[PDB]
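Source file: final_22.cif; contents: mmCIF, N, CA and C atoms and all ligand atoms.
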```cif
data_start
#
loop_
_atom_site.label_atom_id
_atom_site.label_comp_id
_atom_site.auth_asym_id
_atom_site.auth_seq_id
_atom_site.Cartn_x
_atom_site.Cartn_y
_atom_site.Cartn_z
N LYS A 197 20.77 -0.11 -6.04
CA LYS A 197 20.69 1.22 -6.60
C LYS A 197 19.37 1.49 -7.30
N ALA A 198 18.34 0.71 -6.97
CA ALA A 198 16.93 0.87 -7.34
C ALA A 198 16.63 0.68 -8.82
N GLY A 199 17.65 0.57 -9.66
CA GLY A 199 17.39 0.34 -11.06
C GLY A 199 18.42 -0.50 -11.78
N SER A 200 19.37 -1.10 -11.07
CA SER A 200 20.52 -1.71 -11.73
C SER A 200 20.56 -3.23 -11.62
N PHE A 201 20.77 -3.78 -10.43
CA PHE A 201 20.63 -5.23 -10.28
C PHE A 201 20.04 -5.68 -8.95
N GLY A 202 20.21 -4.93 -7.87
CA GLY A 202 19.85 -5.44 -6.57
C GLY A 202 18.73 -4.66 -5.93
N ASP A 203 17.73 -4.29 -6.71
CA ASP A 203 16.60 -3.57 -6.14
C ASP A 203 15.59 -4.50 -5.49
N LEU A 204 15.80 -5.81 -5.56
CA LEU A 204 14.97 -6.77 -4.83
C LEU A 204 15.85 -7.98 -4.51
N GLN A 205 16.37 -8.03 -3.29
CA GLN A 205 17.26 -9.09 -2.86
C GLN A 205 16.60 -9.86 -1.73
N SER A 206 16.41 -11.16 -1.93
CA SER A 206 15.82 -12.04 -0.94
C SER A 206 16.79 -13.17 -0.66
N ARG A 207 16.99 -13.49 0.62
CA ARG A 207 18.09 -14.36 1.04
C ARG A 207 17.92 -15.79 0.55
N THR A 208 16.69 -16.24 0.32
CA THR A 208 16.44 -17.49 -0.36
C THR A 208 15.14 -17.35 -1.14
N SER A 209 14.73 -18.43 -1.80
CA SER A 209 13.59 -18.38 -2.70
C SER A 209 12.25 -18.26 -1.98
N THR A 210 12.20 -18.54 -0.67
CA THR A 210 10.97 -18.42 0.09
C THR A 210 11.19 -17.71 1.41
N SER A 211 12.10 -16.73 1.44
CA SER A 211 12.40 -16.03 2.67
C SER A 211 11.30 -15.05 3.03
N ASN A 212 10.99 -14.96 4.32
CA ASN A 212 10.06 -13.94 4.78
C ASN A 212 10.69 -12.56 4.76
N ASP A 213 11.99 -12.47 5.03
CA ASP A 213 12.71 -11.22 4.89
C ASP A 213 12.92 -10.88 3.42
N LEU A 214 12.95 -9.59 3.12
CA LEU A 214 13.09 -9.12 1.75
C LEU A 214 13.59 -7.69 1.78
N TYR A 215 14.76 -7.44 1.19
CA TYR A 215 15.29 -6.09 1.06
C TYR A 215 14.95 -5.59 -0.34
N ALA A 216 14.36 -4.40 -0.41
CA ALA A 216 13.93 -3.86 -1.70
C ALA A 216 13.85 -2.35 -1.59
N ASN A 217 14.71 -1.64 -2.30
CA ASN A 217 14.50 -0.22 -2.57
C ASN A 217 14.17 -0.01 -4.04
N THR A 218 13.11 0.76 -4.29
CA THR A 218 12.62 0.95 -5.64
C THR A 218 12.22 2.39 -5.92
N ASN A 219 12.61 3.33 -5.06
CA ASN A 219 12.27 4.76 -5.16
C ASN A 219 10.77 4.99 -5.29
N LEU A 220 10.00 4.25 -4.50
CA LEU A 220 8.55 4.39 -4.51
C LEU A 220 8.15 5.73 -3.91
N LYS A 221 7.19 6.39 -4.55
CA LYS A 221 6.73 7.69 -4.09
C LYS A 221 5.25 7.82 -4.41
N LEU A 222 4.47 8.20 -3.42
CA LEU A 222 3.03 8.30 -3.58
C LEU A 222 2.64 9.70 -4.05
N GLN A 223 1.69 9.75 -4.97
CA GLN A 223 1.21 11.00 -5.54
C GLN A 223 -0.22 11.25 -5.12
N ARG A 224 -0.67 12.47 -5.33
CA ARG A 224 -2.00 12.88 -4.91
C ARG A 224 -3.05 12.36 -5.89
N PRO A 225 -4.12 11.74 -5.40
CA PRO A 225 -5.27 11.46 -6.28
C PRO A 225 -5.94 12.76 -6.70
N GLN A 226 -6.51 12.75 -7.90
CA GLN A 226 -6.89 13.99 -8.56
C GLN A 226 -8.35 14.00 -8.96
N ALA A 227 -8.96 15.18 -8.87
CA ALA A 227 -10.27 15.53 -9.44
C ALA A 227 -11.42 14.71 -8.86
N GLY A 228 -11.25 14.14 -7.67
CA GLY A 228 -12.35 13.45 -7.04
C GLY A 228 -12.61 12.05 -7.56
N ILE A 229 -11.57 11.22 -7.63
CA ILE A 229 -11.71 9.80 -7.89
C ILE A 229 -10.88 9.05 -6.86
N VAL A 230 -11.26 7.80 -6.61
CA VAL A 230 -10.61 6.97 -5.61
C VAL A 230 -9.65 6.04 -6.34
N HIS A 231 -8.35 6.31 -6.20
CA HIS A 231 -7.29 5.42 -6.62
C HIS A 231 -6.04 5.81 -5.86
N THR A 232 -5.07 4.90 -5.82
CA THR A 232 -3.77 5.21 -5.22
C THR A 232 -2.73 5.22 -6.33
N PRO A 233 -2.32 6.39 -6.82
CA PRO A 233 -1.25 6.44 -7.82
C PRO A 233 0.11 6.61 -7.18
N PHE A 234 1.10 5.93 -7.75
CA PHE A 234 2.46 5.95 -7.25
C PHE A 234 3.42 6.18 -8.41
N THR A 235 4.71 6.20 -8.09
CA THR A 235 5.76 6.46 -9.07
C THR A 235 7.03 5.80 -8.58
N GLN A 236 7.62 4.94 -9.41
CA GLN A 236 8.86 4.27 -9.03
C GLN A 236 9.68 4.01 -10.28
N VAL A 237 10.98 3.85 -10.08
CA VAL A 237 11.90 3.54 -11.18
C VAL A 237 11.64 2.11 -11.63
N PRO A 238 11.81 1.79 -12.93
CA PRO A 238 11.51 0.43 -13.40
C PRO A 238 12.46 -0.64 -12.89
N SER A 239 12.21 -1.89 -13.30
CA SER A 239 12.88 -3.03 -12.69
C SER A 239 14.34 -3.12 -13.10
N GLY A 240 15.21 -3.36 -12.12
CA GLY A 240 16.62 -3.53 -12.42
C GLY A 240 16.96 -4.91 -12.94
N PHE A 241 16.17 -5.92 -12.56
CA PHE A 241 16.36 -7.25 -13.12
C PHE A 241 15.93 -7.30 -14.57
N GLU A 242 14.84 -6.61 -14.91
CA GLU A 242 14.41 -6.50 -16.29
C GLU A 242 15.41 -5.72 -17.13
N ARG A 243 15.99 -4.66 -16.56
CA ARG A 243 17.03 -3.91 -17.25
C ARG A 243 18.31 -4.72 -17.40
N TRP A 244 18.60 -5.61 -16.46
CA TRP A 244 19.77 -6.47 -16.57
C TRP A 244 19.62 -7.48 -17.70
N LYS A 245 18.39 -7.91 -17.99
CA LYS A 245 18.19 -8.94 -19.01
C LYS A 245 18.36 -8.41 -20.42
N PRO B 191 4.84 -48.76 -10.87
CA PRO B 191 4.66 -48.49 -9.44
C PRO B 191 3.43 -47.63 -9.16
N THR B 192 3.24 -47.25 -7.90
CA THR B 192 2.12 -46.42 -7.48
C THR B 192 2.63 -45.06 -7.03
N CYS B 193 1.77 -44.05 -7.16
CA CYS B 193 2.10 -42.70 -6.71
C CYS B 193 1.61 -42.51 -5.28
N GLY B 194 1.77 -41.30 -4.75
CA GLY B 194 1.47 -41.02 -3.36
C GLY B 194 -0.01 -40.89 -3.10
N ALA B 195 -0.32 -40.56 -1.84
CA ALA B 195 -1.72 -40.44 -1.42
C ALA B 195 -2.38 -39.18 -1.96
N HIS B 196 -1.60 -38.16 -2.33
CA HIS B 196 -2.13 -36.93 -2.89
C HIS B 196 -2.09 -36.91 -4.41
N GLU B 197 -1.74 -38.02 -5.04
CA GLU B 197 -1.63 -38.11 -6.49
C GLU B 197 -2.45 -39.28 -7.00
N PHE B 198 -3.15 -39.07 -8.11
CA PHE B 198 -3.94 -40.10 -8.77
C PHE B 198 -3.22 -40.52 -10.04
N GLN B 199 -2.85 -41.80 -10.12
CA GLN B 199 -2.12 -42.30 -11.28
C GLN B 199 -3.07 -42.59 -12.43
N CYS B 200 -2.78 -42.02 -13.60
CA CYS B 200 -3.58 -42.32 -14.78
C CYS B 200 -3.12 -43.62 -15.44
N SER B 201 -1.89 -43.62 -15.96
CA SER B 201 -1.27 -44.74 -16.66
C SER B 201 0.18 -44.39 -16.91
N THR B 202 1.01 -45.44 -17.02
CA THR B 202 2.43 -45.36 -17.40
C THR B 202 3.23 -44.43 -16.48
N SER B 203 3.00 -44.57 -15.17
CA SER B 203 3.76 -43.89 -14.10
C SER B 203 3.70 -42.37 -14.22
N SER B 204 2.53 -41.84 -14.56
CA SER B 204 2.29 -40.40 -14.62
C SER B 204 1.04 -40.09 -13.82
N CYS B 205 1.20 -39.35 -12.72
CA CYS B 205 0.10 -39.10 -11.80
C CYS B 205 -0.20 -37.61 -11.68
N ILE B 206 -1.46 -37.32 -11.36
CA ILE B 206 -1.96 -35.96 -11.23
C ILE B 206 -2.62 -35.83 -9.86
N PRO B 207 -2.76 -34.61 -9.33
CA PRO B 207 -3.44 -34.43 -8.04
C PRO B 207 -4.91 -34.85 -8.07
N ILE B 208 -5.45 -35.01 -6.86
CA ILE B 208 -6.79 -35.59 -6.67
C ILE B 208 -7.87 -34.65 -7.19
N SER B 209 -7.69 -33.34 -7.04
CA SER B 209 -8.66 -32.38 -7.58
C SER B 209 -8.58 -32.24 -9.09
N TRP B 210 -7.55 -32.81 -9.73
CA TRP B 210 -7.34 -32.70 -11.16
C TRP B 210 -8.05 -33.80 -11.95
N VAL B 211 -9.01 -34.48 -11.33
CA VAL B 211 -9.76 -35.57 -11.97
C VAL B 211 -11.19 -35.10 -12.18
N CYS B 212 -11.71 -35.35 -13.39
CA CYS B 212 -13.05 -34.93 -13.83
C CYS B 212 -13.24 -33.42 -13.70
N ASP B 213 -12.28 -32.67 -14.23
CA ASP B 213 -12.28 -31.22 -14.17
C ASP B 213 -12.14 -30.61 -15.56
N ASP B 214 -12.74 -31.29 -16.55
CA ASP B 214 -12.83 -30.84 -17.95
C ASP B 214 -11.45 -30.65 -18.59
N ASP B 215 -10.46 -31.42 -18.15
CA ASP B 215 -9.10 -31.27 -18.66
C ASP B 215 -8.44 -32.64 -18.72
N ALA B 216 -8.06 -33.06 -19.92
CA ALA B 216 -7.34 -34.32 -20.11
C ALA B 216 -5.85 -34.05 -19.90
N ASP B 217 -5.47 -33.95 -18.64
CA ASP B 217 -4.08 -33.70 -18.27
C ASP B 217 -3.12 -34.85 -18.57
N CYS B 218 -3.65 -36.07 -18.58
CA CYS B 218 -2.83 -37.26 -18.69
C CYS B 218 -2.64 -37.63 -20.16
N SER B 219 -1.55 -38.35 -20.43
CA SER B 219 -1.24 -38.74 -21.81
C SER B 219 -2.23 -39.77 -22.33
N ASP B 220 -2.69 -40.66 -21.46
CA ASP B 220 -3.67 -41.68 -21.86
C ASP B 220 -5.11 -41.18 -21.72
N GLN B 221 -5.26 -39.98 -21.18
CA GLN B 221 -6.57 -39.35 -20.95
C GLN B 221 -7.51 -40.27 -20.19
N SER B 222 -6.97 -40.97 -19.19
CA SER B 222 -7.77 -41.93 -18.43
C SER B 222 -8.72 -41.24 -17.46
N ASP B 223 -8.40 -40.01 -17.06
CA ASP B 223 -9.23 -39.29 -16.09
C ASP B 223 -10.67 -38.96 -16.50
N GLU B 224 -10.88 -38.54 -17.74
CA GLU B 224 -12.23 -38.17 -18.20
C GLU B 224 -13.02 -39.28 -18.90
N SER B 225 -12.47 -40.48 -18.82
CA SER B 225 -13.09 -41.63 -19.42
C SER B 225 -14.47 -41.77 -18.81
N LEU B 226 -15.37 -42.36 -19.58
CA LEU B 226 -16.75 -42.49 -19.17
C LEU B 226 -16.85 -43.23 -17.85
N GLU B 227 -15.89 -44.08 -17.53
CA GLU B 227 -16.04 -44.80 -16.28
C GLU B 227 -15.67 -43.95 -15.07
N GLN B 228 -14.50 -43.30 -15.10
CA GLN B 228 -14.09 -42.47 -13.96
C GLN B 228 -14.90 -41.19 -13.88
N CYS B 229 -15.30 -40.63 -15.02
CA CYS B 229 -16.10 -39.41 -15.05
C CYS B 229 -17.59 -39.68 -15.18
N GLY B 230 -17.97 -40.72 -15.92
CA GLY B 230 -19.36 -41.08 -16.08
C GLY B 230 -20.11 -40.30 -17.15
N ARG B 231 -19.46 -39.37 -17.83
CA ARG B 231 -20.13 -38.56 -18.84
C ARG B 231 -20.11 -39.25 -20.20
N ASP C 1 -12.09 -32.36 -9.86
CA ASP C 1 -13.44 -31.87 -10.07
C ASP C 1 -13.43 -30.40 -10.47
N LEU C 2 -14.40 -30.01 -11.30
CA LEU C 2 -14.54 -28.61 -11.67
C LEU C 2 -15.00 -27.76 -10.49
N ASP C 3 -15.78 -28.35 -9.58
CA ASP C 3 -16.28 -27.61 -8.43
C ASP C 3 -15.20 -27.29 -7.41
N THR C 4 -14.07 -28.01 -7.44
CA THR C 4 -13.01 -27.78 -6.46
C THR C 4 -12.29 -26.45 -6.70
N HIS C 5 -12.33 -25.96 -7.93
CA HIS C 5 -11.65 -24.71 -8.26
C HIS C 5 -12.54 -23.49 -8.04
N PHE C 6 -13.76 -23.71 -7.56
CA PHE C 6 -14.70 -22.61 -7.38
C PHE C 6 -15.29 -22.56 -5.97
N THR C 7 -14.68 -23.25 -5.00
CA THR C 7 -15.25 -23.26 -3.65
C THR C 7 -15.12 -21.91 -2.97
N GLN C 8 -13.97 -21.26 -3.11
CA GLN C 8 -13.77 -19.94 -2.53
C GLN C 8 -14.18 -18.81 -3.46
N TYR C 9 -14.54 -19.10 -4.71
CA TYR C 9 -14.98 -18.06 -5.63
C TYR C 9 -16.48 -17.81 -5.58
N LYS C 10 -17.26 -18.71 -4.97
CA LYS C 10 -18.68 -18.44 -4.77
C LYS C 10 -18.91 -17.37 -3.71
N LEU C 11 -17.95 -17.17 -2.81
CA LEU C 11 -18.07 -16.17 -1.76
C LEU C 11 -17.70 -14.77 -2.23
N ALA C 12 -17.25 -14.62 -3.47
CA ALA C 12 -16.85 -13.33 -4.02
C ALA C 12 -17.90 -12.82 -5.01
N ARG C 13 -17.83 -11.53 -5.28
CA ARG C 13 -18.79 -10.85 -6.15
C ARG C 13 -18.04 -9.89 -7.05
N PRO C 14 -18.63 -9.51 -8.19
CA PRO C 14 -18.08 -8.40 -8.97
C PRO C 14 -18.24 -7.07 -8.25
N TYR C 15 -17.60 -6.04 -8.81
CA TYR C 15 -17.71 -4.71 -8.25
C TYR C 15 -17.50 -3.68 -9.35
N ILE C 16 -17.93 -2.45 -9.07
CA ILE C 16 -17.76 -1.32 -9.97
C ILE C 16 -16.64 -0.46 -9.44
N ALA C 17 -15.57 -0.33 -10.21
CA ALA C 17 -14.46 0.55 -9.90
C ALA C 17 -14.12 1.35 -11.14
N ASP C 18 -13.53 2.52 -10.93
CA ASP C 18 -13.28 3.43 -12.04
C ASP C 18 -12.13 2.93 -12.91
N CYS C 19 -12.20 3.28 -14.19
CA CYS C 19 -11.13 3.00 -15.11
C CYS C 19 -11.19 4.10 -16.14
N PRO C 20 -10.06 4.59 -16.62
CA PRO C 20 -10.09 5.65 -17.63
C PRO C 20 -10.52 5.12 -18.98
N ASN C 21 -11.16 6.00 -19.75
CA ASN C 21 -11.42 5.82 -21.18
C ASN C 21 -12.30 4.61 -21.49
N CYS C 22 -13.52 4.62 -20.94
CA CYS C 22 -14.56 3.76 -21.49
C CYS C 22 -14.87 4.20 -22.91
N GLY C 23 -15.43 5.39 -23.02
CA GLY C 23 -15.65 6.07 -24.27
C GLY C 23 -14.63 7.19 -24.36
N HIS C 24 -15.04 8.37 -23.90
CA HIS C 24 -14.20 9.55 -23.96
C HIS C 24 -13.87 10.16 -22.61
N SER C 25 -14.58 9.81 -21.53
CA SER C 25 -14.55 10.65 -20.33
C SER C 25 -14.50 9.85 -19.03
N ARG C 26 -13.63 8.84 -18.97
CA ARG C 26 -13.14 8.13 -17.77
C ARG C 26 -14.27 7.70 -16.81
N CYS C 27 -15.02 6.72 -17.29
CA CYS C 27 -16.22 6.17 -16.66
C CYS C 27 -16.00 5.54 -15.29
N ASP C 28 -17.09 5.07 -14.69
CA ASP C 28 -17.07 4.04 -13.66
C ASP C 28 -17.74 2.80 -14.25
N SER C 29 -16.99 1.72 -14.38
CA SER C 29 -17.46 0.61 -15.20
C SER C 29 -17.39 -0.70 -14.43
N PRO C 30 -18.27 -1.66 -14.76
CA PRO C 30 -18.12 -3.01 -14.19
C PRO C 30 -16.84 -3.71 -14.61
N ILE C 31 -16.33 -3.42 -15.80
CA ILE C 31 -15.03 -3.90 -16.24
C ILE C 31 -14.00 -2.85 -15.87
N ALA C 32 -12.98 -3.26 -15.12
CA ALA C 32 -11.93 -2.34 -14.68
C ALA C 32 -10.62 -3.10 -14.72
N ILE C 33 -9.75 -2.73 -15.66
CA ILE C 33 -8.51 -3.47 -15.88
C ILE C 33 -7.51 -3.12 -14.79
N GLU C 34 -7.15 -4.11 -13.98
CA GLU C 34 -6.15 -3.96 -12.93
C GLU C 34 -5.09 -5.03 -13.10
N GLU C 35 -3.82 -4.62 -13.07
CA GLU C 35 -2.64 -5.50 -13.04
C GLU C 35 -2.59 -6.44 -14.25
N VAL C 36 -2.37 -5.84 -15.42
CA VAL C 36 -2.01 -6.62 -16.59
C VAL C 36 -0.61 -7.18 -16.42
N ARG C 37 -0.44 -8.46 -16.73
CA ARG C 37 0.84 -9.15 -16.57
C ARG C 37 1.28 -9.68 -17.92
N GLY C 38 2.46 -9.26 -18.38
CA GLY C 38 2.91 -9.59 -19.71
C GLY C 38 4.33 -10.10 -19.82
N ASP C 39 4.77 -10.93 -18.87
CA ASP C 39 6.16 -11.37 -18.81
C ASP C 39 6.36 -12.78 -19.36
N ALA C 40 5.56 -13.20 -20.33
CA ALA C 40 5.69 -14.52 -20.92
C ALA C 40 6.59 -14.45 -22.15
N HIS C 41 6.60 -15.52 -22.96
CA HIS C 41 7.52 -15.62 -24.08
C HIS C 41 6.84 -15.78 -25.44
N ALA C 42 5.53 -15.61 -25.55
CA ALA C 42 4.92 -15.63 -26.87
C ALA C 42 3.80 -14.60 -26.99
N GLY C 43 3.86 -13.53 -26.21
CA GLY C 43 2.80 -12.55 -26.26
C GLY C 43 1.51 -12.99 -25.62
N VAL C 44 1.55 -13.99 -24.75
CA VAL C 44 0.38 -14.38 -23.97
C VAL C 44 0.40 -13.62 -22.64
N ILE C 45 -0.71 -12.96 -22.33
CA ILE C 45 -0.82 -12.09 -21.17
C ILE C 45 -2.00 -12.56 -20.33
N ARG C 46 -2.01 -12.12 -19.08
CA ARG C 46 -3.10 -12.41 -18.15
C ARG C 46 -3.65 -11.10 -17.63
N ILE C 47 -4.97 -10.93 -17.74
CA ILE C 47 -5.65 -9.68 -17.42
C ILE C 47 -6.61 -9.95 -16.27
N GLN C 48 -6.47 -9.19 -15.19
CA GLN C 48 -7.38 -9.27 -14.06
C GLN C 48 -8.36 -8.10 -14.13
N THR C 49 -9.64 -8.40 -14.01
CA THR C 49 -10.69 -7.39 -14.10
C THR C 49 -11.55 -7.43 -12.84
N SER C 50 -12.66 -6.71 -12.87
CA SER C 50 -13.59 -6.72 -11.76
C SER C 50 -14.78 -7.64 -11.97
N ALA C 51 -15.08 -8.01 -13.22
CA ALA C 51 -16.20 -8.89 -13.49
C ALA C 51 -15.84 -10.34 -13.14
N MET C 52 -16.86 -11.18 -13.06
CA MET C 52 -16.69 -12.59 -12.76
C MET C 52 -17.13 -13.42 -13.96
N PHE C 53 -16.25 -14.29 -14.43
CA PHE C 53 -16.50 -15.12 -15.60
C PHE C 53 -16.70 -16.56 -15.14
CA CA D 1 -7.78 -33.22 -15.35
#
```

Just give me the structure as structure tokens.
Amino acid sequence: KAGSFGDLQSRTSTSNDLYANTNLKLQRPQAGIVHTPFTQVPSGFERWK
Amino acid sequence: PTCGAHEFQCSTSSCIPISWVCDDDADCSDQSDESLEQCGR
Amino acid sequence: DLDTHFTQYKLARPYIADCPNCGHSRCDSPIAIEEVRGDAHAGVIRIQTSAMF
């Protein structure tokens, strides 16, 4: 649910597969500078702790 | 005993990797790695 | 050896990238704070910049 407990689930500790929804969304760079700004909900594992 | 081929034993069965010798860090308890003989400084 | 930790770092260089609030008006600076990491247990953090130390 992107913010609760399972926003990053990996089948083992070194799996190449990785399921992760985090509500990532890209925003427009502004006023003539080069950067990539994004927006996502904070960590669900951190919120669980 | 002795440690593996990728580990350098300092003393008292405590070994460090090969790149971890003479690297300005006394990682070992006996500090045998930076001794004037192994390091020469 | 101390040289073993710098074999792949001799091939890299510093760079100038933008960062907000040098002084007042969002400079382009040799120091550019990217990816501050603060998940330790005594307030010790690791800061990645653009300069080479
Ligand atoms: Ca050492």

All residues having an atom within 8 Å of ligand CA 1 (chain D) (all atoms listed in the file) as number ranges by chain: B: 206-207, 209-218, 223-224; C: 1

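Between atom N of residue C:2 and atom C of residue B:231 the interatomic distance comes to 14.0 Å.
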
Check the DSSP output for the backbone and give back, as number ranges by chain, the residues of stretch 196-231 of chain B in alpha helix (DSSP H). B: 226-229

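Atom C of residue C:33 is positioned 8.7 Å from atom N of residue C:47.
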
I'd like the contact shell of residue C:32 - 7 Å cut-off, only N, CA and C atoms, skipping same-chain residues fewer than 4 positions apart - returned as a PyMOL selection string. chain C and resi 17-19+48-51

Can you list, as JSON, numbers by chain, all residues belonging to chain B that DSSP tags as strand (DSSP E)? {"B": [197, 198, 199, 200, 201, 204, 205, 206, 207]}

What lies within 10 Å of residue A:220 using only C-alpha atoms, ignoring chain neighbours under 6 positions off, as a ChimeraX atom specification? /A:198,234-237

With N, CA and C atoms retained, could you export that selection as a PDB file, keeping the file's coordinate frame?
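Written file, again29.pdb:
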```
ATOM      1  N   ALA A 198      18.340   0.710  -6.970  1.00  0.00           N
ATOM      2  CA  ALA A 198      16.930   0.870  -7.340  1.00  0.00           C
ATOM      3  C   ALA A 198      16.630   0.680  -8.820  1.00  0.00           C
ATOM      4  N   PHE A 234       1.100   5.930  -7.750  1.00  0.00           N
ATOM      5  CA  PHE A 234       2.460   5.950  -7.250  1.00  0.00           C
ATOM      6  C   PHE A 234       3.420   6.180  -8.410  1.00  0.00           C
ATOM      7  N   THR A 235       4.710   6.200  -8.090  1.00  0.00           N
ATOM      8  CA  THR A 235       5.760   6.460  -9.070  1.00  0.00           C
ATOM      9  C   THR A 235       7.030   5.800  -8.580  1.00  0.00           C
ATOM     10  N   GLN A 236       7.620   4.940  -9.410  1.00  0.00           N
ATOM     11  CA  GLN A 236       8.860   4.270  -9.030  1.00  0.00           C
ATOM     12  C   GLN A 236       9.680   4.010 -10.280  1.00  0.00           C
ATOM     13  N   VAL A 237      10.980   3.850 -10.080  1.00  0.00           N
ATOM     14  CA  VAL A 237      11.900   3.540 -11.180  1.00  0.00           C
ATOM     15  C   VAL A 237      11.640   2.110 -11.630  1.00  0.00           C
TER      16      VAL A 237
END
```

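Every protein or nucleic acid residue with an atom no more than 8 Å from residue A:203, counting all atoms listed in the file and leaving out same-chain residues fewer than 2 positions away, appears here: residues 197, 198, 199, 200, 201, 205, 206, 215, 216, 217, 218, 239, 240 and 241 of chain A.
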
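Across the structure, atom C of residue C:26 and atom CA of residue C:38 are spaced 24.5 Å apart.
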
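Every protein, DNA or RNA residue with an atom at most 8 Å from residue A:224, where only N, CA and C atoms count and chain neighbours fewer than 5 positions away do not, is listed here: residues 231, 232, 233 and 234 of chain A.
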